[PDB]
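Coordinates from my_file-v4.txt are shown below (compact mmCIF, C-alpha atoms and all ligand atoms).
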```txt
# COMPACT_ATOMS: atom_id res chain seq x y z
CA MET X 1 -26.62 40.95 -18.94
CA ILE X 2 -24.30 38.92 -21.15
CA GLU X 3 -23.54 35.23 -20.99
CA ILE X 4 -19.75 35.02 -21.33
CA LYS X 5 -18.48 31.60 -22.45
CA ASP X 6 -14.68 31.94 -22.00
CA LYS X 7 -14.12 32.60 -18.31
CA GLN X 8 -10.98 34.65 -18.97
CA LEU X 9 -10.87 35.12 -15.19
CA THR X 10 -11.54 31.65 -13.73
CA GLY X 11 -8.47 31.78 -11.53
CA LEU X 12 -8.30 35.23 -9.97
CA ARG X 13 -10.31 36.31 -6.94
CA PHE X 14 -11.62 39.82 -6.34
CA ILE X 15 -13.14 41.86 -3.57
CA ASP X 16 -16.26 43.91 -4.03
CA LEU X 17 -15.31 47.20 -2.47
CA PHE X 18 -18.26 49.54 -2.00
CA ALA X 19 -20.31 46.47 -2.98
CA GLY X 20 -23.57 48.17 -3.88
CA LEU X 21 -25.64 45.48 -5.59
CA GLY X 22 -22.65 43.54 -6.79
CA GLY X 23 -22.59 44.94 -10.30
CA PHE X 24 -18.93 43.93 -10.38
CA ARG X 25 -19.49 40.53 -8.75
CA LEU X 26 -22.08 39.73 -11.34
CA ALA X 27 -19.62 40.76 -14.03
CA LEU X 28 -16.30 39.19 -13.06
CA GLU X 29 -18.09 36.08 -11.85
CA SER X 30 -19.41 35.65 -15.39
CA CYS X 31 -15.78 35.88 -16.27
CA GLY X 32 -15.35 33.11 -13.74
CA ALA X 33 -13.40 35.18 -11.20
CA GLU X 34 -14.16 34.45 -7.53
CA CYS X 35 -15.36 37.02 -4.96
CA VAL X 36 -13.47 36.94 -1.69
CA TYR X 37 -14.81 40.13 -0.12
CA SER X 38 -17.34 42.94 -0.19
CA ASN X 39 -18.18 45.85 2.04
CA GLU X 40 -21.13 48.25 2.01
CA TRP X 41 -22.75 50.11 4.93
CA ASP X 42 -26.11 50.83 3.42
CA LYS X 43 -28.60 48.61 5.28
CA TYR X 44 -30.90 48.02 2.29
CA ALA X 45 -27.77 47.61 0.20
CA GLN X 46 -26.46 45.00 2.60
CA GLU X 47 -29.93 43.55 2.33
CA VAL X 48 -30.19 42.96 -1.43
CA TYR X 49 -26.58 41.86 -1.80
CA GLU X 50 -27.11 39.20 0.87
CA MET X 51 -30.44 38.40 -0.77
CA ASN X 52 -28.62 37.41 -3.97
CA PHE X 53 -25.14 36.61 -2.52
CA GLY X 54 -25.67 35.01 0.89
CA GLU X 55 -23.48 37.44 2.83
CA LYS X 56 -23.70 40.76 4.58
CA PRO X 57 -21.19 43.00 2.79
CA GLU X 58 -18.83 43.89 5.61
CA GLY X 59 -19.51 47.27 7.22
CA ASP X 60 -18.04 50.77 6.72
CA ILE X 61 -14.66 50.45 4.98
CA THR X 62 -13.33 53.55 6.81
CA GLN X 63 -12.74 51.58 9.95
CA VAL X 64 -11.95 48.27 8.25
CA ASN X 65 -8.29 47.19 8.24
CA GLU X 66 -6.64 46.82 4.82
CA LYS X 67 -4.52 44.16 6.48
CA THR X 68 -7.82 42.27 6.67
CA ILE X 69 -8.90 42.30 3.05
CA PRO X 70 -8.29 38.89 1.50
CA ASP X 71 -5.74 38.35 -1.21
CA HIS X 72 -7.15 39.21 -4.60
CA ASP X 73 -6.22 39.83 -8.18
CA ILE X 74 -8.86 42.53 -8.69
CA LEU X 75 -10.29 45.23 -6.45
CA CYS X 76 -13.54 46.61 -7.75
CA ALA X 77 -14.82 49.91 -6.40
CA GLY X 78 -17.23 52.27 -8.15
CA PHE X 79 -17.29 55.06 -5.56
CA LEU X 100 -12.57 57.89 0.88
CA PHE X 101 -10.99 56.58 -2.33
CA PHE X 102 -7.95 56.86 -0.13
CA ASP X 103 -9.33 53.68 1.42
CA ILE X 104 -8.90 51.91 -1.86
CA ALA X 105 -5.27 52.94 -2.19
CA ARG X 106 -4.90 52.42 1.49
CA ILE X 107 -5.92 48.83 0.69
CA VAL X 108 -4.52 48.80 -2.85
CA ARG X 109 -1.16 49.65 -1.28
CA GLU X 110 -1.43 46.94 1.37
CA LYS X 111 -2.98 44.16 -0.70
CA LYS X 112 -1.43 45.28 -4.02
CA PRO X 113 -3.68 43.23 -6.31
CA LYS X 114 -2.82 42.51 -9.94
CA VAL X 115 -5.57 44.63 -11.52
CA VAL X 116 -7.57 47.39 -9.84
CA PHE X 117 -10.94 47.79 -11.51
CA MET X 118 -12.78 51.02 -10.78
CA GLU X 119 -15.58 53.03 -12.38
CA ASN X 120 -17.25 56.34 -11.72
CA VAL X 121 -19.38 59.20 -12.99
CA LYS X 122 -18.92 60.86 -16.37
CA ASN X 123 -17.60 64.18 -15.03
CA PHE X 124 -15.01 62.40 -12.90
CA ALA X 125 -12.29 63.01 -15.50
CA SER X 126 -12.99 66.74 -15.84
CA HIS X 127 -13.96 67.64 -12.27
CA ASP X 128 -11.80 70.32 -10.59
CA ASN X 129 -10.00 70.65 -13.94
CA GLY X 130 -8.45 67.20 -13.56
CA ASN X 131 -7.60 67.27 -9.88
CA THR X 132 -9.84 64.41 -8.81
CA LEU X 133 -8.35 62.43 -11.67
CA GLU X 134 -4.79 63.76 -11.55
CA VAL X 135 -4.97 62.70 -7.93
CA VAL X 136 -6.39 59.20 -8.36
CA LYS X 137 -4.34 58.38 -11.45
CA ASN X 138 -1.14 59.54 -9.81
CA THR X 139 -2.26 57.94 -6.59
CA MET X 140 -2.03 54.77 -8.70
CA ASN X 141 1.33 55.35 -10.31
CA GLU X 142 2.89 56.66 -7.11
CA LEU X 143 1.26 53.37 -6.17
CA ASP X 144 2.78 51.51 -9.12
CA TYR X 145 -0.05 50.65 -11.48
CA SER X 146 -0.64 51.47 -15.11
CA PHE X 147 -3.70 53.70 -15.35
CA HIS X 148 -6.30 53.27 -18.04
CA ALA X 149 -9.36 55.45 -18.21
CA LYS X 150 -12.16 55.96 -20.70
CA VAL X 151 -15.87 56.77 -20.71
CA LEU X 152 -18.38 54.48 -22.29
CA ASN X 153 -22.07 54.86 -22.83
CA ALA X 154 -23.98 51.74 -21.83
CA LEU X 155 -26.07 52.28 -24.93
CA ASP X 156 -22.95 51.59 -26.90
CA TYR X 157 -23.01 48.03 -25.70
CA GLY X 158 -26.41 46.45 -26.30
CA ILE X 159 -27.79 48.58 -23.48
CA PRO X 160 -30.67 51.05 -24.06
CA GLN X 161 -29.74 53.91 -21.77
CA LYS X 162 -28.03 57.25 -21.80
CA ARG X 163 -25.45 56.36 -19.16
CA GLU X 164 -21.95 57.75 -19.10
CA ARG X 165 -19.64 56.31 -16.47
CA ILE X 166 -15.84 56.34 -16.22
CA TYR X 167 -13.91 53.07 -16.17
CA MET X 168 -10.43 52.91 -14.70
CA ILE X 169 -8.51 49.68 -15.25
CA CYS X 170 -5.23 49.71 -13.34
CA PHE X 171 -2.45 47.17 -13.74
CA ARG X 172 0.40 46.52 -11.31
CA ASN X 173 3.19 47.34 -13.79
CA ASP X 174 4.96 44.09 -12.90
CA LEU X 175 2.51 42.36 -15.21
CA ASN X 176 3.70 44.76 -17.87
CA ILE X 177 0.36 44.83 -19.63
CA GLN X 178 0.82 46.84 -22.80
CA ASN X 179 -2.21 45.36 -24.55
CA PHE X 180 -5.44 45.99 -22.63
CA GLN X 181 -8.20 47.39 -24.80
CA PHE X 182 -11.57 48.75 -23.57
CA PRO X 183 -14.45 47.07 -25.46
CA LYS X 184 -15.21 48.26 -28.96
CA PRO X 185 -18.63 50.02 -29.09
CA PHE X 186 -21.35 48.48 -31.21
CA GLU X 187 -24.77 49.54 -32.44
CA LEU X 188 -27.51 48.08 -30.25
CA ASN X 189 -30.82 46.55 -31.07
CA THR X 190 -32.80 46.56 -27.85
CA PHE X 191 -34.78 49.49 -26.59
CA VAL X 192 -36.68 50.43 -23.46
CA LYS X 193 -39.93 49.30 -25.06
CA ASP X 194 -38.28 45.88 -24.99
CA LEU X 195 -37.64 45.67 -21.22
CA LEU X 196 -41.07 46.71 -19.92
CA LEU X 197 -43.35 44.58 -17.80
CA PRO X 198 -46.78 43.43 -19.13
CA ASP X 199 -48.64 46.72 -18.61
CA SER X 200 -51.01 44.89 -16.29
CA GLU X 201 -47.93 44.72 -14.06
CA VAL X 202 -46.97 48.38 -14.39
CA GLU X 203 -50.43 49.78 -13.77
CA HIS X 204 -49.62 50.90 -10.21
CA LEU X 205 -46.83 52.93 -11.86
CA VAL X 206 -49.06 55.31 -13.85
CA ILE X 207 -49.43 58.93 -12.91
CA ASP X 208 -52.41 60.73 -14.39
CA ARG X 209 -51.18 64.30 -14.65
CA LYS X 210 -53.28 67.16 -16.02
CA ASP X 211 -50.23 69.46 -16.48
CA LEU X 212 -48.62 67.36 -19.22
CA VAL X 213 -46.89 69.05 -22.13
CA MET X 214 -46.04 67.03 -25.22
CA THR X 215 -42.94 68.95 -26.27
CA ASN X 216 -43.08 66.43 -29.10
CA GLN X 217 -44.96 63.50 -30.63
CA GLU X 218 -44.51 59.70 -30.68
CA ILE X 219 -41.96 58.04 -32.96
CA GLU X 220 -42.06 55.26 -35.57
CA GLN X 221 -39.62 52.34 -35.29
CA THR X 222 -36.86 52.92 -32.70
CA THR X 223 -33.73 55.03 -32.09
CA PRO X 224 -30.82 55.22 -29.58
CA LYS X 225 -30.69 58.74 -28.09
CA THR X 226 -33.48 59.36 -25.51
CA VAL X 227 -36.64 60.84 -27.04
CA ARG X 228 -38.08 63.48 -24.69
CA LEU X 229 -41.69 63.21 -25.88
CA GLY X 230 -42.89 65.73 -23.34
CA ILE X 231 -42.44 67.38 -19.99
CA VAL X 232 -44.61 68.08 -16.93
CA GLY X 233 -44.43 70.93 -14.40
CA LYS X 234 -41.48 73.31 -14.94
CA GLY X 235 -40.27 70.36 -17.01
CA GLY X 236 -36.96 69.96 -15.20
CA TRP X 237 -35.31 67.18 -13.23
CA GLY X 238 -37.52 64.11 -13.18
CA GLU X 239 -39.97 66.30 -15.01
CA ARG X 240 -39.79 64.86 -18.48
CA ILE X 241 -41.37 61.97 -20.28
CA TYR X 242 -39.40 59.94 -22.79
CA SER X 243 -40.67 57.46 -25.36
CA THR X 244 -40.35 53.69 -25.15
CA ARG X 245 -38.78 53.49 -28.58
CA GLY X 246 -35.71 55.43 -27.46
CA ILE X 247 -33.33 54.58 -24.64
CA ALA X 248 -34.12 54.99 -20.91
CA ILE X 249 -32.42 58.15 -19.67
CA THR X 250 -29.83 58.09 -16.87
CA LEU X 251 -31.32 56.36 -13.85
CA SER X 252 -30.59 58.59 -10.85
CA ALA X 253 -30.34 57.55 -7.23
CA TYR X 254 -30.82 61.02 -5.82
CA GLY X 255 -33.08 62.80 -8.32
CA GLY X 256 -36.03 65.01 -7.39
CA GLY X 257 -39.21 65.50 -9.40
CA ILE X 258 -42.59 63.90 -10.04
CA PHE X 259 -40.89 61.29 -12.20
CA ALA X 260 -37.83 61.06 -10.29
CA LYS X 261 -35.35 58.23 -9.94
CA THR X 262 -36.31 56.49 -13.10
CA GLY X 263 -38.01 59.30 -14.89
CA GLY X 264 -41.32 59.23 -16.74
CA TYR X 265 -42.02 57.25 -19.88
CA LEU X 266 -44.89 57.57 -22.34
CA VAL X 267 -46.25 54.03 -22.03
CA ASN X 268 -49.56 53.94 -23.93
CA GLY X 269 -51.45 57.25 -23.54
CA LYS X 270 -50.89 57.22 -19.81
CA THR X 271 -47.54 58.46 -18.49
CA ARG X 272 -45.66 56.37 -15.91
CA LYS X 273 -42.35 56.05 -14.11
CA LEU X 274 -40.13 52.98 -14.76
CA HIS X 275 -40.50 49.90 -12.54
CA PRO X 276 -37.71 48.71 -10.21
CA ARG X 277 -37.54 45.40 -12.11
CA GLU X 278 -37.49 47.44 -15.30
CA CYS X 279 -34.75 49.61 -13.87
CA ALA X 280 -32.75 46.40 -13.51
CA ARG X 281 -33.04 45.18 -17.09
CA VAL X 282 -32.12 48.69 -18.11
CA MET X 283 -29.08 48.48 -15.81
CA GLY X 284 -27.96 45.21 -17.41
CA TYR X 285 -28.91 43.13 -14.42
CA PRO X 286 -30.28 39.65 -15.10
CA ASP X 287 -33.95 39.03 -14.45
CA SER X 288 -33.16 36.40 -11.82
CA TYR X 289 -31.73 39.11 -9.58
CA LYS X 290 -33.74 39.49 -6.39
CA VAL X 291 -34.31 43.25 -6.26
CA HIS X 292 -34.95 45.11 -3.01
CA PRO X 293 -38.66 45.40 -1.99
CA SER X 294 -38.33 49.05 -0.94
CA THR X 295 -39.18 50.30 -4.41
CA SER X 296 -37.94 53.70 -3.24
CA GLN X 297 -34.67 52.09 -2.25
CA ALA X 298 -34.27 49.72 -5.19
CA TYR X 299 -34.57 52.73 -7.44
CA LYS X 300 -31.86 54.53 -5.47
CA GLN X 301 -29.83 51.35 -5.63
CA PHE X 302 -30.12 51.07 -9.38
CA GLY X 303 -29.63 54.82 -9.65
CA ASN X 304 -26.25 54.14 -8.04
CA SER X 305 -25.24 50.77 -9.48
CA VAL X 306 -23.42 49.95 -12.67
CA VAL X 307 -24.25 48.68 -16.13
CA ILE X 308 -23.42 44.99 -16.01
CA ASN X 309 -23.00 44.40 -19.74
CA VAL X 310 -20.19 46.96 -19.94
CA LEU X 311 -18.62 45.57 -16.80
CA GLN X 312 -18.62 42.16 -18.42
CA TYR X 313 -16.82 43.46 -21.46
CA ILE X 314 -14.10 45.42 -19.71
CA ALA X 315 -13.75 42.47 -17.32
CA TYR X 316 -13.27 40.03 -20.16
CA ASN X 317 -10.66 42.17 -21.86
CA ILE X 318 -9.00 42.69 -18.50
CA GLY X 319 -8.47 38.98 -18.06
CA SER X 320 -7.94 38.70 -21.78
CA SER X 321 -4.83 40.83 -21.36
CA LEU X 322 -3.57 39.14 -18.27
CA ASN X 323 -3.83 35.90 -20.17
CA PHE X 324 -1.63 36.88 -23.04
CA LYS X 325 1.66 35.54 -21.82
CA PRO X 326 3.83 34.49 -24.79
CA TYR X 327 7.44 33.23 -24.86
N1 LIG N 1 -17.68 54.42 3.99
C1 LIG N 1 -18.44 53.54 3.33
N2 LIG N 1 -18.48 52.26 3.76
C2 LIG N 1 -19.23 51.38 3.08
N3 LIG N 1 -19.98 51.57 2.00
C3 LIG N 1 -19.93 52.86 1.60
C4 LIG N 1 -19.21 53.88 2.21
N4 LIG N 1 -19.41 55.08 1.54
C5 LIG N 1 -20.21 54.76 0.55
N5 LIG N 1 -20.56 53.43 0.52
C6 LIG N 1 -21.40 52.73 -0.46
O1 LIG N 1 -20.63 52.52 -1.62
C7 LIG N 1 -21.49 52.57 -2.79
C8 LIG N 1 -20.96 53.55 -3.80
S1 LIG N 1 -22.22 53.32 -5.10
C9 LIG N 1 -21.42 51.86 -5.85
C10 LIG N 1 -22.08 51.04 -6.97
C11 LIG N 1 -21.99 49.52 -6.77
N6 LIG N 1 -20.78 49.04 -7.44
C12 LIG N 1 -23.27 48.84 -7.26
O2 LIG N 1 -23.22 47.67 -7.85
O3 LIG N 1 -24.41 49.38 -6.94
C13 LIG N 1 -22.89 52.88 -2.28
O4 LIG N 1 -23.61 51.66 -2.13
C14 LIG N 1 -22.62 53.51 -0.92
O5 LIG N 1 -23.68 53.37 0.00
```

Can the structure in the file be given as structure tokens, please?
Ligand SMILES: Nc1ncnc2c1ncn2[C@@H]1O[C@H](CSCC[C@H](N)C(=O)O)[C@@H](O)[C@H]1O
Amino acid sequence: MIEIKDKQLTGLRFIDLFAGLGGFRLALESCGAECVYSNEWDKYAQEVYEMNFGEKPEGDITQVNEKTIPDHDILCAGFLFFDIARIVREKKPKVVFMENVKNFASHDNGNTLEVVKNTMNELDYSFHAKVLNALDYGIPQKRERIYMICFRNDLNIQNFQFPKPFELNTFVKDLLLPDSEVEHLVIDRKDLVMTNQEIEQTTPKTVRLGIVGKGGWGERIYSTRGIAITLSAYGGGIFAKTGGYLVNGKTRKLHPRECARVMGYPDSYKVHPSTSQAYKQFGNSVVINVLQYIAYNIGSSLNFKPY
């Protein structure tokens, strides 16, 4: 996670739609924005959030009244979407910050997106979309999520600019817990196949040192000198969720706390005790660092009011 000095968001207040773990809250808040709402039905989700944010993210949005959402300047939802609009039409915030999965743009040959986008314009908001790999922002991980920044045209914001990518210098190897602490994470497997051999120095691209089993989903081991592959919250394999990583001879899955650091979360974040869950949580959450950037530049555009 990044420590942002200029709270280019101090004023504005946002709601955490589809809360999750508060990836967005973490972010904007750094930017100084204030969180007025949050909703999330997942019990263990509602659990962690509250653990680190002292509130139970209001239940299932589907039945929640948009005439109930507080007034905000940013609605963050990394998802039904029709609830957003539903709300985004009622509470018409200034900026509507969203983010989703890589394939969101392409899906159904652009339907999903043609819909959403147009559901924004027919809703009166500029639509900005672009995909960024966490790795491209001081984050060691092959993650590709979509980021949609929408502006209520009234603001006439013709200058927002997604963050400019930058080489990184922090790899998985860097975010691991003192082996002693990851011992219960090993998995002695006789059927290991070293499709490849260890690497010198480091590199940003996900080094698949070797697979296990039919070597498919959650059936691969990556080095620690590469970048943690896409954490999944629904994966199935022997090295699911996090995947397996060649950590000193023995091969082990990544630790929840490790997941975090690799998700951009700060270490202070109280992660859910249901390791199974946490994983799923992180598999579903967002890369903070990136969020922080986009956030910044979001406020940084709102703040450029000349004469
Ligand atoms: N109808 C609904 N009501 C409330 N929460 C819902 C919902 N449908 C899905 N969700 C929740 O919305 C989230 C979409 S995943 C969102 C990522 C989140 N921003 C993060 O920081 O982790 C999941 O937590 C999912 O359980």

Counting only C-alpha atoms, which residue out of X:119, X:128, X:110, X:208 sits closest to residue X:164?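 Of X:119, X:128, X:110, X:208, the one nearest residue X:164 is X:119, counting only C-alpha atoms.
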
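Minimum atom-to-atom distance to residue X:107, evaluated using all atoms listed in the file, belongs to X:17 out of X:212, X:260, X:17, X:27.
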
Surrounding residues of stretch 273-290 of chain X excluding itself and chain neighbours under 5 positions, 8 Å, all atoms listed in the file, as a PDB file with C-alpha atoms, in the frame of the given file:
```pdb
ATOM      1  CA  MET X   1     -26.620  40.950 -18.940  1.00  0.00           C
ATOM      2  CA  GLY X  23     -22.590  44.940 -10.300  1.00  0.00           C
ATOM      3  CA  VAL X  48     -30.190  42.960  -1.430  1.00  0.00           C
ATOM      4  CA  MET X  51     -30.440  38.400  -0.770  1.00  0.00           C
ATOM      5  CA  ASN X  52     -28.620  37.410  -3.970  1.00  0.00           C
ATOM      6  CA  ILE X 159     -27.790  48.580 -23.480  1.00  0.00           C
ATOM      7  CA  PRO X 160     -30.670  51.050 -24.060  1.00  0.00           C
ATOM      8  CA  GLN X 161     -29.740  53.910 -21.770  1.00  0.00           C
ATOM      9  CA  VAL X 192     -36.680  50.430 -23.460  1.00  0.00           C
ATOM     10  CA  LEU X 195     -37.640  45.670 -21.220  1.00  0.00           C
ATOM     11  CA  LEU X 196     -41.070  46.710 -19.920  1.00  0.00           C
ATOM     12  CA  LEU X 197     -43.350  44.580 -17.800  1.00  0.00           C
ATOM     13  CA  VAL X 202     -46.970  48.380 -14.390  1.00  0.00           C
ATOM     14  CA  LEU X 205     -46.830  52.930 -11.860  1.00  0.00           C
ATOM     15  CA  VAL X 206     -49.060  55.310 -13.850  1.00  0.00           C
ATOM     16  CA  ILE X 207     -49.430  58.930 -12.910  1.00  0.00           C
ATOM     17  CA  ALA X 248     -34.120  54.990 -20.910  1.00  0.00           C
ATOM     18  CA  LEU X 251     -31.320  56.360 -13.850  1.00  0.00           C
ATOM     19  CA  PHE X 259     -40.890  61.290 -12.200  1.00  0.00           C
ATOM     20  CA  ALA X 260     -37.830  61.060 -10.290  1.00  0.00           C
ATOM     21  CA  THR X 262     -36.310  56.490 -13.100  1.00  0.00           C
ATOM     22  CA  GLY X 263     -38.010  59.300 -14.890  1.00  0.00           C
ATOM     23  CA  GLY X 264     -41.320  59.230 -16.740  1.00  0.00           C
ATOM     24  CA  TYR X 265     -42.020  57.250 -19.880  1.00  0.00           C
ATOM     25  CA  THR X 295     -39.180  50.300  -4.410  1.00  0.00           C
ATOM     26  CA  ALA X 298     -34.270  49.720  -5.190  1.00  0.00           C
ATOM     27  CA  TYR X 299     -34.570  52.730  -7.440  1.00  0.00           C
ATOM     28  CA  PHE X 302     -30.120  51.070  -9.380  1.00  0.00           C
ATOM     29  CA  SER X 305     -25.240  50.770  -9.480  1.00  0.00           C
ATOM     30  CA  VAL X 306     -23.420  49.950 -12.670  1.00  0.00           C
ATOM     31  CA  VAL X 307     -24.250  48.680 -16.130  1.00  0.00           C
ATOM     32  CA  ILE X 308     -23.420  44.990 -16.010  1.00  0.00           C
ATOM     33  CA  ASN X 309     -23.000  44.400 -19.740  1.00  0.00           C
TER      34      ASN X 309
END
```

Under the rule that only C-alpha atoms and all ligand atoms are counted, which of X:3, X:40, X:66, X:199 is the nearest residue to ligand LIG 1 (chain N)?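 Among the listed residues, X:40 lies closest to ligand LIG 1 (chain N).
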
Environment of ligand LIG 1 (chain N) within 7 Å, counting only C-alpha atoms and all ligand atoms, reported as number ranges by chain: X: 18-24, 39-42, 45, 59-62, 77-79, 100, 301-302, 304-306

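Closest approach to residue X:245 among X:269, X:258, X:4, X:191: X:191, based on all atoms listed in the file.
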
Quick one: distance from atom CA of residue X:178 to atom CA of residue X:121 in Å, one decimal? 25.6 Å

So which one's closest to residue X:257, X:244, X:293, X:168, X:233? Using only C-alpha atoms, please. X:233

Separation of atom CA of residue X:130 from atom CA of residue X:116 in Å: 20.2 Å

For a quick check of your reading of the model, name the residues lying within 9 Å of the coordinate (-45.5, 60.4, -20.7), counting all atoms listed in the file, and write them as a count of residues only. 23

Distance in Å - atom CA of residue X:37 versus atom CA of residue X:67: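 Between atom CA of residue X:37 and atom CA of residue X:67 the gap works out to 12.9 Å.
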
List as an NGL selection string the protein and nucleic acid residues near residue X:29, meaning an atom at most 12 Å away when all atoms listed in the file are counted, but skip any in the same chain fewer than 2 places from it. :X and (2-16 or 22-27 or 31-36 or 53 or 74 or 308 or 311-312 or 315-316 or 319)

For residue X:300, please output as a list in words all residues within 7 Å (counting only C-alpha atoms; exclusion window: fewer than 2 positions along the same chain). residues 252, 253, 254, 261, 296, 297, 298, 302, 303 and 304 of chain X

Considering all atoms listed in the file, can you say which of X:189, X:125, X:136, X:120 comes closest to residue X:221?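 Result for the nearest residue to residue X:221: X:189.
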